[PDB]
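Q: Sequence first, structure after, both from an experimental entry:
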Amino acid sequence: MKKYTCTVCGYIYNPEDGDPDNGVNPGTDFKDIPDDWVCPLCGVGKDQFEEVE
Ligand SMILES: [Fe+3]
């Protein structure tokens, strides 16, 4: 699992940590995050994120 960054605000989704406050548990791959989840920082959707390669 890769980290992904919100290209609008620079928030990094790290799959080891998930986003548990918003119901994304540690170990969720980004592609498995429900498609209505938004960046916890700026609130934009998933389509503004890019795999950190
Ligand atoms: Fe963001």
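A: Ah, there it is. Numbering: from 1, shown residues only.

Q: Would you mind measuring from residue 13 to residue 34?
A: 13 Å (Cβ to Cβ, to the nearest Å). In this view, the C-beta of every residue, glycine as well, is placed from N, C-alpha and C.

Q: more crowded one of these two?
A: More crowded of residue 13 and residue 34, by other Cβ atoms under 10 Å: residue 13, with 25 against 10.

Q: which residues does the nearest residue to that one once chain neighbours are set aside bridge with?
A: Leaving aside its sequence neighbours, residue 13 sits nearest to residue 4 (Cβ to Cβ, 6 or more residues apart in numbering; 4.6 Å). Legend: beta-bridge partners of residue 4 under DSSP bridges are residue 13, residue 51.

Q: I'd assumed residue 52 was in contact with residue 4.
A: Yes. Using Cβ atoms under 8 Å, residue 4 is in contact with residue 52, at 6.3 Å.

Q: Overlap in contacts, these two.
A: residue 12 (Cβ atoms under 8 Å, 6 or more residues apart in numbering).

Q: Fine by me, thanks again.
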